[PDB]
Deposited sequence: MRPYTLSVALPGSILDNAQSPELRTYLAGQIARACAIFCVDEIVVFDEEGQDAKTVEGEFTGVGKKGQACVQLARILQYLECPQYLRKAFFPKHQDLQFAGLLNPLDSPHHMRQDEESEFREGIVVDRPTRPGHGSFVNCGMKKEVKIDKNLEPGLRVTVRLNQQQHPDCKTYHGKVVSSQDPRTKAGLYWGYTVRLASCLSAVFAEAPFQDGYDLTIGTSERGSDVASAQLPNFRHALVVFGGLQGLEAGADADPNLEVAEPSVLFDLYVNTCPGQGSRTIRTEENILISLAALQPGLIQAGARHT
């Protein structure tokens, strides 16, 4: 299985926006930054919190394919500016008329005939029929059979792991989103039994990324502070009694030497930092 990369950042960044419209745009900028770099997981953490819930909600809306949005998100006041947004244009976001090996779907909520598998809509012209009888409203990944009876009232396909499009066909297939009550929860509530075997924090107080060597790894995590830096969710977390955030991570880096602004915003810092790291990440995640 290929390496994973997870990004963590505070919900509080949305409090800095200057209008609701831009509050939405900024959440959009995060999603795009993470998608461009093929991030597997985004962790929004409370820097000790509706900022966190809103940010996560937006992130999930944008990851979810369009044909599934009506079904998966009731109208909210967090998605009222959904429109003013940039698409991720990720490999799993396709038109109805686009031929593809795999497609996300939702299982229709119907009885079905006794032996028979579920009905799933993958935004194709016809529902897709499958192998198994699964609990409805649930989101799945379907691999469409290559032979498609030209007359059939449905298409046919098989449900598969959601890792398969990455691992089997090299395709980025979106991120997941995880809420964490604090900075220590970002590490502790990690989705891999494993642990995150490589953690990297960013700071203008850190060491030149040029002079950093990454250890071999399976699950990388990169953590961004707010406007107030990683110090704020570190002081404020009671499980962390430290005089500086350096020690929390395997590496602590400044990813933009000799910046010409006093401050880098975190939607800025995600692009710069992931760029500066991408080679590094690529050669160590072997």
Which regions of the deposited sequence are unaccounted for in the modelled residues, listed N- to C-terminal? 1, 50-66, 305-307
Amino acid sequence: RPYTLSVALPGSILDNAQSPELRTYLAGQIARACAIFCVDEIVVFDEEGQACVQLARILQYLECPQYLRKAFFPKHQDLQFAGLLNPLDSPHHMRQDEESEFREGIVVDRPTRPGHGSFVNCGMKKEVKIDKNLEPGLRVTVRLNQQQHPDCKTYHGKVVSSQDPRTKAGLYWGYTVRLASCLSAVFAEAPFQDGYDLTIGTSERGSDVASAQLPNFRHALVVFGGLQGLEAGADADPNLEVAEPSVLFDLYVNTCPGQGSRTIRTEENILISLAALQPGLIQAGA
From here on, numbers count along this sequence of modelled residues.
Using the B-factors recorded in the PDB entry, average over the C-alpha atoms of 26-34 and of 246-254, then report which stretch comes out higher. 246-254
Between 170-178 and 81-89, point out the one with the higher average CA B-factor as the PDB entry records it. 81-89
Return the residue from 165, 206, 105, 137 that has the highest Cα B-factor in the entry. 137
Assigned third (lowest, middle, highest) for the C-alpha B factor of residue 216: middle
Grab the CA temperature factor for residue 16 from the record and place it in the lowest, middle or highest third of its chain. highest
Please place residue 66 in the lowest, middle or highest third of its chain by C-alpha B factor as given in the entry. middle
Among the modelled residues of its chain, the C-alpha B-factor of residue 202 falls in the third labelled lowest
Record-listed C-alpha B factor of residue 225: chain third: middle
